[PDB]
Amino acid sequence: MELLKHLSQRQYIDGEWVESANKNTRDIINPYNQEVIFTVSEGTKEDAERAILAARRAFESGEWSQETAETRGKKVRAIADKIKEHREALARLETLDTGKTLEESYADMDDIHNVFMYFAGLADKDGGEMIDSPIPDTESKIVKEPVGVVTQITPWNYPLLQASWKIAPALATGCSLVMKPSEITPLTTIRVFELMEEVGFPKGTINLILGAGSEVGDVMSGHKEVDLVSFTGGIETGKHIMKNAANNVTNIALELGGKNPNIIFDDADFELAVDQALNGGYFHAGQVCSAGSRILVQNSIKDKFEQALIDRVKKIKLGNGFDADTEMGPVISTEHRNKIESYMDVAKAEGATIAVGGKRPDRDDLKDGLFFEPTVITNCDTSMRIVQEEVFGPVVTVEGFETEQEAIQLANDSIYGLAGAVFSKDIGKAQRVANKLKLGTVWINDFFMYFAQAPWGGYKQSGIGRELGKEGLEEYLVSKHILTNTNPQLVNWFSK
Amino acid sequence: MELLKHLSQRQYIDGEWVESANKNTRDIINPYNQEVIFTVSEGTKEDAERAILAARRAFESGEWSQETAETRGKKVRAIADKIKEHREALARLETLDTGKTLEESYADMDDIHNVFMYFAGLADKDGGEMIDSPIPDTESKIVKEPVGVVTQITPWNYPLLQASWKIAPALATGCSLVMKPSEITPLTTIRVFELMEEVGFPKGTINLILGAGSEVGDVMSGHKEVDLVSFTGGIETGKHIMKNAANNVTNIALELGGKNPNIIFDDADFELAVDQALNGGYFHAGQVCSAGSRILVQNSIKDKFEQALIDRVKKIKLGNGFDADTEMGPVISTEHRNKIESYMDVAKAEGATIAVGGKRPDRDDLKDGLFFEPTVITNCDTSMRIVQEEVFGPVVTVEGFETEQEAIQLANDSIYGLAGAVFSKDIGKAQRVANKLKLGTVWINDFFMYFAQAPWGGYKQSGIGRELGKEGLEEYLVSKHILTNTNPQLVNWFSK
Amino acid sequence: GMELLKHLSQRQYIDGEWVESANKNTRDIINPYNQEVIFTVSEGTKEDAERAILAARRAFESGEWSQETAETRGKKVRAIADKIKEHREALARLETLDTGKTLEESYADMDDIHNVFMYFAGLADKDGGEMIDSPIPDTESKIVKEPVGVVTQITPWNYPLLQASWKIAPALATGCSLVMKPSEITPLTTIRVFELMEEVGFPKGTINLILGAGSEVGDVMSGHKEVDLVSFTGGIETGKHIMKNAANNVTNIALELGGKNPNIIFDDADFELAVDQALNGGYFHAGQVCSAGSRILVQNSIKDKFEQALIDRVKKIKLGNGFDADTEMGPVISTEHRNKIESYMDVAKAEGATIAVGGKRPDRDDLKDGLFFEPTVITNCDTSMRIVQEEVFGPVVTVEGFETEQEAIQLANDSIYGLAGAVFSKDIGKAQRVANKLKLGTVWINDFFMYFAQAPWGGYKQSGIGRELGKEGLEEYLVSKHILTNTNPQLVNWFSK
Amino acid sequence: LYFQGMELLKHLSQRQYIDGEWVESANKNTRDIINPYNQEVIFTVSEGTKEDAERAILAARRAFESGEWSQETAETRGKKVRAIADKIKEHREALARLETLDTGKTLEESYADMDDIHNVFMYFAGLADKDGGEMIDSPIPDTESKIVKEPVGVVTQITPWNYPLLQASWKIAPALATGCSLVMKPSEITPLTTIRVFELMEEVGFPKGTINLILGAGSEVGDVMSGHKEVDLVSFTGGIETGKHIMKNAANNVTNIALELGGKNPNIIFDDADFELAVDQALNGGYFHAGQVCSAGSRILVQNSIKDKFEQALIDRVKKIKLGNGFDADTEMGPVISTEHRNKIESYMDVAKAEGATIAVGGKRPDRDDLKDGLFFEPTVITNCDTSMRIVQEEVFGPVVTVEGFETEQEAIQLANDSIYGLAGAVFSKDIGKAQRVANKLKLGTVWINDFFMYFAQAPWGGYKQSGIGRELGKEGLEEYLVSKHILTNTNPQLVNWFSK
Ligand SMILES: NC(=O)c1ccc[n+]([C@@H]2O[C@H](COP(=O)([O-])OP(=O)(O)OC[C@H]3O[C@@H](n4cnc5c(N)ncnc54)[C@H](O)[C@@H]3O)[C@@H](O)[C@H]2O)c1
């Protein structure tokens, strides 16, 4: 509550904290108790346009795009140091807004620091290449330039984390940006803008728009002055964005959902498999893009595994994120909880079984909050919607498989391909499986490990492009081939 | 004419030369005299789908995708050797179909050979990277895999050249492909498929669909089994394709048009500037994506330059591509010539001047052909359509500029950004200019120089992605991060 | 006295001409199977070596090859690769005739050599440097890769053409001029490849072949001031000598020396696989391989069982003529080398080891005239002995036990060398842990002898300096230049006007 | 002023740093450190023995093998190198004064070093976790091929006296970023800033044995640092004759080497150059730090059409160069480092006169009253010389430049390359195309077009020919501290069955 007394309630456009053009506002909720904890501006589409034009003017002036890469690196680094300095407050603020446990939030702040630090160090390392020209008396070189103006749109599950992944490289490369976080979770994003302002950037280089996607999203994807749209969210929105971006042939980077398999062989460390299955399915109430919602367990240990899992699920401590006992918090909103509830109806209707959970808890201390019980769904198959679609809640499905080939076939029988895992003490087997899985990230005997050093993104419909690592940086760069003819001669093709 | 007696008239699907599903056909024209010279199959949308499903089956069997990169390289190299072996016939065939001069066609065959040779040698050079994991007791690696099934669509101006740019990397990486050339120029594309078949590839690895984009194009961009659409064509079609590809969040590579500036300073080698201005504007009747249709000349030499240019334009030899005297051939079709003619009306209507040309030649020997006189348009400015839009004909516009900053501003005052040139003996100045031009390729004291060793593509609306060079190869690859935990421990987050 | 030799040159190739030794001296080349003279070649002088080097310099400076486009240089290296394949059969027979190894082992080399030239042919036009984001405003910073210049290349006798391919390919791909000198006792295939390269066509002086003893012309090739790089593959004592001499003109060096390569076998290894590969590692080409698995480390729980299985197999190894399909192991290269091996048997016995099998010349009738030596297995030895620490380079292996994984690693690394080694175990996780702790340039897991152009090869510790093959291999033949242009120069005005 | 300089020394260690402890020489022997401005002893430090060097090397080995640093995550190693960078900036002022006190160069030149050093550590800190090897597309089916980059192991690092901390930063940063253990030995006559940086690195915190500092004469402990068998790499920056000796000794255990030796760096000036700019940079190139710079532009090549005009402009400017104390703001050029070095320079003036050259200005000690007690030597210009002379071919390493004429572009290139060296050089001309042609033909590691002395961590530095072996700075700089390992796994092993059963 203390955190909020000095926190800005406004958008940041062209170097000034400013209200919505129509002074409209929005109430921010704390999912633990559904109480309004803060009120922020609700920007208009004209505000978004003004920010974009500001980013363009700034980009063209060259104050940031022509700054030395080394210096750009030092500034991104300064932002990283600010995350660490205000680690505590930021973590609490994220837990307050999103509802996840405090330790999960501390972990984010550690990642975020490393994300900024990674890109800060990557800034001055590769400015292009020299080519051995196949034409005599010519010099051929490729120079990497910042792509230009970029719009950045994030989801509500991990607001600052997803923002760090976009901001760091944009700044490291010299781009100008316009960021818009999920309308329902802008607290940490506002805070980071306050921090970036302290670090100091040229007027127009960074901008923050606050508002509903349905209202200002189309401007951010479709305005002609935008050179790249980096979006992290739902698949249906991603498609809409791509279609809109096509109007001005605008580059896109999409980080969409997943139906991530968690493959468990009978030769896996059993207690390890159970631990990580619980983790994969219930961290942040399964509101994770890399969530292991699709468990694939080998028939020989399926029954044994289902029992062990269900027992553990019955003991999961639900509660307030600020409370150390809490193992799983609430889901983000009434709308989202309802979406999850309607999936339980869908699953039952198509023949699946709700082995445990699948309802709101009625325990007294949880009644006022947006809680939903950790759930396990059994007796399902690949043809069902509950198995194919991203529920994005504390829910997992269990499917059996006889052989290694069948496990692969099933893991890939999905429109998505973001991430997955394989558990087995036979490392050679796990390796074979990993090579055949059409997934952007594959974990062997682990789950949820991502880091700035390596690219993250999807195969198939989980996305287009990548974030993090060297490839992450590349989305914010464009190549130019400059060829100089050191001994120019007339071609004399046309008559004299 | 001899060339055509043994040339296939059919599509190539799943290892067999086959007719259209409805046995429909199309007549191919020779723009020099407008006579039908060949008849080919006109595929249906069901044929396109069948080819795509075939490419998928092939990709999944692994006969090509799992072949060693080294071997894949040897096969792409074998294709390169076939281009050189049949260099003569291919060149004649391209001149027959597209109408350009024979020497311009020989040049293509030399480039095409080098394109295949370049990618053949690039195939086994980079299979990913090893990462220094920030987490102890873990192994982190990134593997590059072929993206999967790719659809390739080409234009009519340089049919085989544009195809070579797509086929070479697709094959080098292990992808399966479905190619569809411009419905009006399929001759050389059919031939190269005959040649690739001789080299030998697994059933389904390569497929050729023949037909109108309006008929089968949507299947090639929108079918769910497609992992990448590589398109080279007009901007309006590119947007349509991107929008359609969005339905299954399909990657895209777009190589669209340009309004390429040819900047000439008063300190340029005058006779060199004139030579290259003629070249830039009239090679292949200005039907080149890199055509220098927008001449920007410095005011101090504008009048002198306009005279020199106009005199040379009056002497340009028009005629049959097979005739050595010929300097400029006809335009590709009655439809295209009409689009060009309507632009002359547009230009006159908006205040510009047709300083020379702007009409069909009435000379006896050219009357039956699709010729159009080389044209020079003066007294125009950046606000006019004739200057902003891609005419794609033997037409150039001349604009003056006082200073270096004004030249840059004008060169960039366009929705496009594919390529351009700068002429000046002050190499330092030319370099400054090159750095400020938002163009994918910038030539200093030269024009039209492109090659496999360097990436080609556009800034802004001239495209998305790149072709040729290492970046060209990357459009056909996808990254996977495989992280192994060599000493897995339970996290024990949840209760026991 | 076969067909291959009737049209083969007997001379050096200097500055575009096949020429005799300056003093017309010559040398007789032997076939180790029967010790008969099969060919006579020129024996160059140190003045001939100097003349070739000066020729390489003149050629390098004229730019006809160093300024050719990388793409074209690639096409020419590719043309050489095609020639290796075209004359695959003859080259393989010629190598078997000169070195004594089996024909199939020679066919395998010709396949690698082709792929070596092909790899570098494709690598030639792929990386010409980098563009740097300058920390100084109004400046352009770029790094350009240039051919290092004149390079001398010296090879051993075990795999003459293979070792030559590894040096020639990158030198030519990069634009360097070279002077090659093969082992004085095995120049046949090297001469042939020069004939083939000449057919491909290169500028006068770009390639040169010197024939002669290292003791005579080697010092010129490592110590002449016009040499920019010495690439040497041979024995450790010669490598040291070369490095010391190269220091006179601060000349770069690339050294590919010997090894005491461990073949680690755990009790959870595929037993029959381990035995197969142990035999292979120790006896291919009579153990005359730089990557030979002469130091077998077997886990105590299966040591006795493994020693028996190995010894039985060794007793059945078919020795004979390389051209004969039955032959599994040929002779050693020379009387001198066989004597070196025999003296090691005395050393081993003297320091307490046991010759469990072999350790002598075979007296079988059909082998008496040849330079044969029986495949040998030495037991009851430990790391403190010379027979275990030093490179014997013959058909000899030592067997040592180890109790734990840490002890296997400690022993595998208890050596002055670090070229290559292997680990056998069905527990891939364990094999991976071990591989990470082995100070070796190449580590094989459940395999042996796998090398290829796509990956760098070379040693840790005293097995060498630098690398061959892969991108790093190419880099030995390149030098970096940083060109920094100030696009808006201002006076600094540090000193008084 | 200079006072803040002497204060610096009251808290500075006087000892070697071996295996986590500040310790004296094994024989308690010591050495006096001089301030070249007045030749007064300003500090006394330990003078290590060869046994001390060996003990440090064995300590580095033990540490390397324990894996506390070599197995730390690259990311963390980066953070620590970054912490060192932050310490350079924090103590920027004191370090700069200390370097000026010890080496004699101006305070501003020292501030510049501290700025570079900070950036050097920062660069490598950010490079630490960026490339851990590559995955190869194996030509053999059912196999996985990967190349892992590992720290090379134990490294010995030896630096010169002209830019002590700068040359040390170039070696320490990558060694630490990569996970190597190191043993550093600075020039026996300039150990002040090197000792200080070790105090700072100790504060940052590193495992026992990871870093070690040996103090002593090269003639005494140098052979152990290059020839001990446990050393995996010797990184040396110094004179050519010492480099050759080191290489020869390193050969005993086939030990890798990185050598950064001298230069005879050409400063080429065409008649179409910005004349006043050419003169400014010619002065800079020849006299910064009294020409005691490895990249010094001691060989001026000026085009015949403007040679006479240039010689006069240069000489006039040389007569006005302000000599004095490094701590005094007026000072433009300080003294040379030692009586031995000044004598070496003086003997070169005799050499030049004897072989026919002309001492157009300077070539003597200044007799001005305030400079008499210091190791000063007048900025000198030598004319009427040619490529065959020793004064032109050899590295004088003093405030001396030679002027040679050239008629054509080809002649300029020929002369610039007529030298055993190839470290760096410059080209001045407004015709950028011409300057580019020239730059491509110069056998030099770094070539400046219309500038001089520009080096930075982002780009590799080193020589062609006898100016060295290997590179420092940039990605290539890091690679000297790494070794490649190819791990090939056969995922479906089969018996070869070559031998009978
Ligand atoms: N950027 C470059 O590298 C480059 C190179 C050459 C040409 N071009 C551009 O190409 C254009 C000229 O070629 P064009 O007139 O054939 O272009 P176009 O868009 O008119 O047609 C190109 C291709 O698209 C296909 N097509 C049409 N509708 C389609 C649909 N709905 N879905 C899928 N495919 C469809 C056609 O069959 C044809 O093969 C010009 O704009 C020119 O500047 C660009």
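1. Focus on the overall build of chain A
Part 1 of the reasoning: Of regular secondary structure, chain A possesses 15 helices and 20 strands.
Part 2 of the reasoning: What you see for chain A is a C-alpha radius of gyration of 24 Å, in line with the 23 Å of a compact globule of 496 residues.
Part 3 of the reasoning: Structurally, chain A occupies a C-alpha span of about 85 × 55 × 40 Å along its principal axes.
Part 4 of the reasoning: Pairs at least 24 residues apart make up 73% of the contacts formed inside chain A by residues separated by at least 6 positions.
Part 5 of the reasoning: In the form shown here, chain A has an accessible surface area of approximately 16,200 Å², with 46% of it arising from carbon and sulfur atoms.
Part 6 of the reasoning: Of the charged side chains in chain A, 53 are positive and 75 negative; the average position of the first set lies 2 Å away from that of the second.

2. Here's the deal with the nonpolar core
Part 1 of the reasoning: Counting 126 residues, the largest nonpolar core has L176(D), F198(D) and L314(D) as its most contacted members.
Part 2 of the reasoning: Here the element with the most residues in this core is helix α5 (residues 107-127) of chain D; it accounts for 11 residues.
Part 3 of the reasoning: Non-local contacts of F198(D), meaning those with residues more than four positions away in its chain, are made with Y17(D), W22(D), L182(D), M184(D), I211(D), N212(D) and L213(D).
Part 4 of the reasoning: Core analysis: the next-biggest nonpolar cluster, separate from the first, contains 123 residues, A121(C), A164(C), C290(C) and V396(C) among them.

3. Focus on empty space enclosed by the protein
Part 1 of the reasoning: By volume, the largest cavity is sized at about 130 Å³.
Part 2 of the reasoning: Lining the largest cavity are 13 residues, with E70(A), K74(A), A120(A), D124(A) and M122(D) positioned closest to its centre.
Part 3 of the reasoning: Secondary-structure elements contributing two or more residues to the lining of the largest cavity are α2 (69-85) and α4 (102-122) of chain A together with α5 of chain D.
Part 4 of the reasoning: A per-element tally of the lining of the largest cavity places α2(A) first, with four residues.
Part 5 of the reasoning: Here the residues of the lining of the largest cavity sort into three nonpolar, four polar and six charged.

4. Side note on the site of the ligand
Residues and elements named next belong to chain B.
Part 1 of the reasoning: Lining the immediate environment of the ligand, one finds 29 residues, of which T154, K180, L256, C289 and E390 sit closest.
Part 2 of the reasoning: Contact between the ligand and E255: an oxygen atom at 3.3 Å from a side-chain N or O atom of the residue.
Part 3 of the reasoning: Between the ligand and the protein, one listed contact pairs an oxygen atom with a side-chain N or O atom of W456 at 3.0 Å.
Part 4 of the reasoning: Relative to its free-state accessible area of 860 Å², the ligand is covered by the protein chains to the extent of 88%.
Part 5 of the reasoning: Contributions of two or more residues to the shell around the ligand are made by α7 (213-222), β10 (228-232) and α8 (235-245).
Part 6 of the reasoning: Examining the composition of the shell around the ligand, we find that four residues originate from one element, α7, more than from any other.
Part 7 of the reasoning: The two domains that each donate at least three residues to the shell around the ligand are domain 1 (1-257 + 452-496) and domain 2 (258-451).

5. Concerning the pairing of strand β13 (residues 299-303) of chain D
Residues and elements named next belong to chain D.
Part 1 of the reasoning: Among the five residues of β13, five are classified as buried, and the element is accordingly described as predominantly covered.
Part 2 of the reasoning: In terms of strand pairing, strand β12 (residues 266-269) meets β13 through four bridges, oriented parallel. Along β13, the bridge assignment pairs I269 with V302.
Part 3 of the reasoning: Running through helix α10 (residues 275-287), the crossover from β12 to the neighbouring parallel element β13 is right-handed.
Part 4 of the reasoning: When β13 meets strand β16 (residues 400-406), the two strands line up parallel, connected through five bridges.

6. What to know about the packing of aromatic side chains
Part 1 of the reasoning: Applying the stated criterion to the full structure yields 68 aromatic pairs over all chains.
Part 2 of the reasoning: For the pair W165(A) and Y450(A), a centre-to-centre distance of 5.7 Å together with 75° between the ring planes defines the contact as edge-to-face. Of this pair, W165(A) sits in helix α5 (residues 159-173) while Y450(A) sits in the loop between β18 (441-444) and β19 (463-464), and the two are 285 residues apart along the sequence.
Part 3 of the reasoning: Here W170(D) and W461(D) contribute two aromatic rings whose centre-to-centre distance is 6.4 Å and whose plane-to-plane angle is 65°, an arrangement assigned as edge-to-face. With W170(D) in helix α6 (residues 164-178) and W461(D) in the loop between β18 (446-449) and β19 (468-469), this pair connects stretches of sequence that are 291 residues apart. When sorted by exposure, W170(D) lands in the same class as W461(D), which is buried.
Part 4 of the reasoning: Members of the aromatic cluster, connected to one another through ring pairs, are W165(A), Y282(A), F283(A), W443(A), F447(A), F448(A), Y450(A), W456(A), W493(B) and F494(B).
Part 5 of the reasoning: One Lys or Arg, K434(D), reaches over the ring of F270(D) and ends 4.2 Å from the middle of that ring.

7. A closer look at the relation of the copies chain A and chain B
Part 1 of the reasoning: Least-squares fitting of chain A to chain B yields an RMSD of 0.1 Å, with the superposition described by an axial translation of 0.0 Å and a rotation of 180°. Taken together, the rotation and translation describe the operation of a two-fold axis. For chain A, the smallest separation between a C-alpha atom and the rotation axis is recorded for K243(A), amounting to 2.2 Å.
Part 2 of the reasoning: In this assembly, 100% of the residues forming the interface of chain A have copies in chain B that are likewise at the interface, indicating an isologous arrangement.

8. Concerning the domain arrangement of chain A
Residue and element names in this part refer to chain A.
Part 1 of the reasoning: Domain boundaries in chain A define domain 1 (1-257 + 452-496) and domain 2 (258-451).
Part 2 of the reasoning: Once you take the C-alpha centre of each, domain 1 and domain 2 turn out to be 31 Å apart.
Part 3 of the reasoning: The partner domain 2 presents 40 residues to the 39 residues of domain 1 that form the contact.
Part 4 of the reasoning: Overall, the association of domain 1 and domain 2 removes approximately 3,300 Å² of surface from exposure, summing both partners, and the carbon and sulfur fraction of that is 64%.

9. Overview of the interface of chain A and chain B
Part 1 of the reasoning: Each partner contributes residues to the interface: chain A has 88 residues there, and chain B has 88 residues.
Part 2 of the reasoning: Summed over both partners, the interface of chain A with chain B comes to about 7,500 Å²; 58% of that surface belongs to carbon and sulfur atoms.
Part 3 of the reasoning: Of all residues in chain A, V249(A), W493(A) and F494(A) bury the most surface against chain B, accounting for 12% of the area lost on that side.
Part 4 of the reasoning: Taken together, the links from chain A to chain B amount to two salt bridges.
Part 5 of the reasoning: When the shortest N-O distance is used, the salt bridge between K438(B) and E60(A) registers 3.2 Å.

10. Side note on the interface of chain D and chain C
Part 1 of the reasoning: Residue-level contacts link 90 residues of chain D with 89 residues of chain C.
Part 2 of the reasoning: Here chain D and chain C share an interface that buries about 7,500 Å² over both sides, 58% of which is from carbon and sulfur atoms.
Part 3 of the reasoning: At the junction of chain D and chain C, the tally comes to two salt bridges.
Part 4 of the reasoning: When the shortest N-O distance is used, the salt bridge between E65(D) and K439(C) registers 3.2 Å.
Part 5 of the reasoning: Remark: the boundary between chain D and chain C carries 44 residue pairs in polar contact.
Part 6 of the reasoning: A total of eight residues in the side of chain D that touches chain C trace back to one element, the largest contributor, which is strand β20 (residues 482-490) of chain D.
Part 7 of the reasoning: Taken together, the residues that form the side of chain D that touches chain C break down as 39 nonpolar, 27 polar and 24 charged.

Cut-offs applied
- Residues numbered from 1 in each chain as written, not as in the entry; some residues may be left out.
- Chains lettered and ligands numbered in written order.
- Heavy atoms only, no water.
- Helix = DSSP H or I, 4+ residues; strand = E, 2+ residues; numbered from the N terminus.
- Rg over C-alpha atoms; globule rule 2.2 N^0.38 Å.
- Contact = heavy atoms within 4.5 Å.
- Areas by Shrake-Rupley, 256 points an atom, 1.4 Å probe, with all protein chains shown as cover.
- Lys, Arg positive; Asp, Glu negative; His and termini not counted.
- Charge placed at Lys NZ, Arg CZ, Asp CG, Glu CD.
- Core = buried A, V, L, I, M, F, W, Y, C linked by side-chain atoms within 4.5 Å.
- Buried < 20%, exposed > 50% of the residue type's maximum accessible area, 1.4 Å probe, protein only.
- 1 Å grid on protein atoms, 1.4 Å probe; cavity = no way out; pocket = protein on both sides within 12 Å on 5 of 7 lines; lining within 4 Å.
- Points joined across faces, edges and corners; volume = space filled by probe spheres on them.
- Nonpolar A, V, L, I, M, F, W, Y, C, P; charged D, E, K, R; others polar.
- Near = heavy atom within 4 Å.
- Polar contact = N/O pair within 3.5 Å; in protein donor to acceptor, adjacent residues only side chain to side chain.
- Domains from an automatic or database assignment.
- Pairing = 2+ DSSP bridges.
- Right-handed = clockwise from strand over helix to strand, strands pointing away.
- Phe/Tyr/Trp six-rings, centres within 6.5 Å; stacked < 30°, edge-to-face > 60°.
- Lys NZ or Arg CZ within 6 Å of the ring centre and 35° of its normal.
- Least-squares fit on C-alpha atoms.
- Buried area = accessible area lost by both parts, 1.4 Å probe.
- Salt bridge = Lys/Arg side-chain N within 4 Å of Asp/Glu carboxyl O.

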